[PDB]
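**Student:** Before anything else, here's the structure in question.
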Amino acid sequence: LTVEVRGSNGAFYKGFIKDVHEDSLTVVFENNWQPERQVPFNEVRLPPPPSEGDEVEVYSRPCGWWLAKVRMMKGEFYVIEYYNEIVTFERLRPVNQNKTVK
């Protein structure tokens, strides 16, 4: 089961739940950078289900989701802020509204 985990950097890394505990879960990450870990539930959420000025998330770097504002859009391009960077549609999304686990 797929999940997103808050890194110590406040960004969210994709993963899945390999095991459940009384007070932890065991996540493996969908990346070779990070190993299996027991995690507190308040650090874990579900991934989300299926415009300028917007508050969005963005895919960056091990890569994961950071909170960003679209400063300006032109052509294929979005100027975003977190630092500042020019990205394309595929690296962006509205904020994952999901809450962490209870």
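**Student:** Quick one: Debye curve from the C-alpha atoms of segment 1-43, no solvent, what's log10 I(q)/I(0) at q = 0.30 Å⁻¹?
**Tutor:** Each listed q corresponds, in turn, to -1.19.
**Student:** Turning to a different aspect of this structure: Put a dot 7 Å past each Cα toward the Cβ at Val95 and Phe16; how far apart are the dots in nm?
**Tutor:** About 3.0 nm separates the two model spin labels.
**Student:** How do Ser51, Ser24 rank when sorted from fewest to most other Cβ atoms within 10 Å of their own Cβ?
**Tutor:** Values: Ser51 8, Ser24 14.
Sorted ascending by nearby Cβ count, the order is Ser51, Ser24.
**Student:** Another one. How many nm is it between the label spots at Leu67 and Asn32, if each spot is 7 Å from the Cα in line with the beta carbon?
**Tutor:** With each label placed 7 Å out from Cα toward Cβ, I get 3.3 nm.
**Student:** Greater than 25 Å separation of Cα atoms is the criterion. Which listed pairs, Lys14/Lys102; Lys18/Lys69; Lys18/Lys102; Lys14/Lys69, meet it? All intermediate terms of the calculation are to be shown ahead of the outcome.
**Tutor:** Details: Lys14/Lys102 19 Å; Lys18/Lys69 33 Å; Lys18/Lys102 18 Å; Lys14/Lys69 21 Å.
Pairs exceeding 25 Å: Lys18/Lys69.
**Student:** Which order results if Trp65, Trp33 are arranged by neighbouring Cβ count within 10 Å, fewest first? The partial results should precede the final answer.
**Tutor:** Details: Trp65 23, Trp33 10.
Fewest to most other Cβ atoms nearby, the residues stand as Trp33, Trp65.
**Student:** Additional query: Mind pulling up the Rg/Rh value for the chain? Radius of gyration and Kirkwood radius, both on Cα.
**Tutor:** My calculation puts Rg/Rh at 1.02.
**Student:** Take the alpha carbon atoms of segment 1-26, find their center, do the same for segment 57-75, and report the distance between the two centers in whole angstrom.
**Tutor:** For segment 1-26 versus segment 57-75, the Cα centre distance is 21 Å.
With ideal geometry, Cβ positions are generated from the backbone for all residues, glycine too; neighbour counts draw on all protein chains shown. Coordinate-derived values only; no laboratory data.
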